[PDB]
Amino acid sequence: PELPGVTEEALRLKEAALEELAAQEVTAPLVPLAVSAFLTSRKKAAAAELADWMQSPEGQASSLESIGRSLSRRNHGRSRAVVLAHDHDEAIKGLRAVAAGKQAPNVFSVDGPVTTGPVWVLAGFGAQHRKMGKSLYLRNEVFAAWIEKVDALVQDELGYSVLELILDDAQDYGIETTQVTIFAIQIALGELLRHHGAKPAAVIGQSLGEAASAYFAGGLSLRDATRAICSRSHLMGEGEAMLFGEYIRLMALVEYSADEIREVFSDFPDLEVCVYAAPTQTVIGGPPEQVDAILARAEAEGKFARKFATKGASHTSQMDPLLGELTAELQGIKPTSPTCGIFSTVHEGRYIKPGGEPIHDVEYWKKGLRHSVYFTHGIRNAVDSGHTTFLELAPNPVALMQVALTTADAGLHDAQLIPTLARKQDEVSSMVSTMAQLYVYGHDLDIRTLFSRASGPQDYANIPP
């Protein structure tokens, strides 16, 4: 079934953006330098020895890329470290610290691997920004291909190009396109990780993210997961556009826990819980006058509270009139038995095991849009079941700050909280550094794939063996 190609306008926009990229001053890439051994004591030795070599003229004459390439081909032992560096000075200072077992922002170092697989966090609320995904789309052939694949599916489903949005700095995102585009980007980022050998042990979803979570847990084909986010997204945009003024439901974050909310809500009979986000943070929704009132009641009581700006009212009665069209649109999707674990924040945070019964039903998407997102509960259930590595696939890492609030509450004070892209951070670097972290903690990640195949020998270094 012939899928639409990249649009004319997208090609035009790409050309322009490449032209402009080609004119910025090239910045030195971030190179990851892996050092490992069966023993931490020996890992530090190799570190200090590599550093000593990099000090010498031969080592100063070798590119960081070559040193990283050689390093990446050593046997990767139980105890691991990666110094992420842009030049020789950075590299040496990082290695000094690995050797001294001292800490630094560009160094990661552990005595041994994390016991349980990573949980991939698929969220999206509040993570959008204007240029999101663009730079990685221009710079990374594997990302770009997956973006283009979702872009084709959305043209087919919805009639416009998400990739045109990504490329056009003049174009901003609204209720509908914000969602379909964060989705595109979640899909492509996860597949970029798969390409480098990463896998999720489990997923957890948060509202918009739930459809990407289904895909990566093998619960729906890419097509059907695109179908799920497309129906949610366009129906939500259309539904708000037809409502006016104080009939538009708002959302806000307030520093009250589930228990405090049952009390507080007796004053605000139309407020509902959108996302139980953290143990003492809840995104609530309803009529503006009640939202403003709960906001002021919080600010008064000495409690954090921030109103959001989106006339989306996911997880409120404002979704009531879309349920029927939603049900109708997703007739025909095929839920499949998952291939990894799922913490279902739609089902109150409950775990479904690889091999379980399909849970990606039409009724599932109906349930998820209308009802509360049990995010903190899902994350608590992961922590309690031995998971300690949380990786957010996002254009900006807002849900990991929520994850941290739950990990800490549950007694897990040193979780591995791994972000992907971020606004104000080079996207190619970010991915490097995310892959370095995965590698370091022992999770699947073929670190050889972080360097292109050697053509000649100057692509290697004479690293002290």
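Numbering starts at 1 and follows the sequence shown.
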| request: Please work out which of 76-84 and 96-104 has the higher mean CA B-factor as recorded in the PDB entry. | output: 96-104
| message | I need to verify one thing: averaged over C-alpha atoms only, is the B-factor higher for 129-137 or for 302-310? | response | 302-310
| task | Just grab whichever of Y247, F268, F375, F183 has the top CA B-factor as deposited. | result | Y247
| request: Report the option among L421, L39, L417, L33 whose CA atom has the maximum B-factor in the deposited record. | output: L39
| Lowest, middle or highest third: where is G124 by Cα B-factor in its chain? | lowest
| remark: Of the three thirds of the chain ranked by Cα temperature factor, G341 occupies the lowest
| Sorting the chain's CA B-factors, does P200 end up in the lowest, middle or highest third? | middle
| task | Looking at the entry's B-factor column for C-alpha atoms only, identify whether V142 ranks in the lowest, middle or highest third of its chain. | result | middle
| remark: For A10, the third of its chain by CA B-factor is the middle
